[PDB]
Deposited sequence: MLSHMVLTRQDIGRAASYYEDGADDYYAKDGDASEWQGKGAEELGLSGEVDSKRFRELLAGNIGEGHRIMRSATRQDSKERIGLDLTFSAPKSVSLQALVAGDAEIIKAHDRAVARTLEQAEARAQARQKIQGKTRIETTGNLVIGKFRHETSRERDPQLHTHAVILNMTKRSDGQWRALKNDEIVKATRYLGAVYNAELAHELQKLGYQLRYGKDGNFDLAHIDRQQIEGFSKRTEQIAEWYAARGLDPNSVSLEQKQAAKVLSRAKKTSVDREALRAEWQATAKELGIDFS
């Protein structure tokens, strides 16, 4: 699954909290992109530099970016592309404990982002005429997480693409995100294909469903739903309001997701894993 969300000023607090969330059996933060190579960024994401970049401060001595933003409009700080694995894949990786599956997810994400980068663009005006240039470079902060809001195993990565890109003439500008945003479904299929390929190299058999999504063949739907509490909460909201999931409006969909949410409280990380294992036995899951 792949979803996008344009980030604005009001989201600056959430964007930097991508450090606190998830889970810790684990390089869970990493830089990516030619634009990042350009600025001298590699390895772990330094939280201090990340905040400055979100604010439009490339550092080194040039001016704060994006001053051309209209005061009656919102300032954009980035674009979050969130990659999520199928439930069974999260289970095998975080409950049974297969570290090679974590790597399979990371590779799939990295390869998809390379194709999103090929779609990076910027604008440039010369004597009144505006032109769109395919830029090819991005600055990305990647944060891997391990739990859902209800604390079920949920392997995912928040790829935060910063609102900046370097043109042919050497000038840094805001990202024209059209091609990346409109290619979300296509990029989601790239992630699915690469993940599948990496899992098959490890020896797993896959079961394709109907949307073109897949789950490991040895884990069934009943067992999957037993580790999908949020999905259960969303389904109850629709039922209570008497709505048909096949035809709900966007407003109703967002309402079901947002309003059925409970508050995020912390957990004892070592104890949670043991709970998962006992729950898995209860559901009759054989990880063999």
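In sequence order, the one gap in C-alpha coverage of the deposited chain falls at 27-31.
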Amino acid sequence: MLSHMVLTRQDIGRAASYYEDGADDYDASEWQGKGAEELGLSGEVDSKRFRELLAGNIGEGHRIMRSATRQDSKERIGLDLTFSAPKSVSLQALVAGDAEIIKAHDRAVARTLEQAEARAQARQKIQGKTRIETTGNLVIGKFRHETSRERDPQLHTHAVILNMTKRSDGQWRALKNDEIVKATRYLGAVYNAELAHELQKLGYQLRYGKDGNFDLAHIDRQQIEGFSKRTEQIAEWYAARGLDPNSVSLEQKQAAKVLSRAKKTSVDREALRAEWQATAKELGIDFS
From here on, numbers count along this sequence of modelled residues.
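Superpose the two forms; the largest set of C-alphas matching within 1.5 Å is the rigid core.
The stretch that moves more in 5 other deposited structures of this protein, judged by CA deviation after a rigid core superposition and choosing between 230-238 and 250-258, is 250-258.
RMS Cα deviation from the shown model in 5 other deposited structures of this protein, rigid core fit, is larger for 203-211 than for the other stretch of the pair 180-188 / 203-211.
Coordinates for residue 21 are absent from at least a third of the other compared entries of this protein that model residues on both sides of it. Looking at 207-215 and 110-118 together, the entry lists the larger mean B-factor for 207-215, computed on C-alpha atoms. With 60-68 and 221-229 compared on mean CA B-factor from the PDB entry, the stretch scoring higher is 60-68. For the set 53, 240, 258, 234, the maximum C-alpha B-factor listed in the entry falls on 258. In the PDB entry, a CA B factor belonging to the lowest third of its chain's modelled residues is recorded for residue 278.
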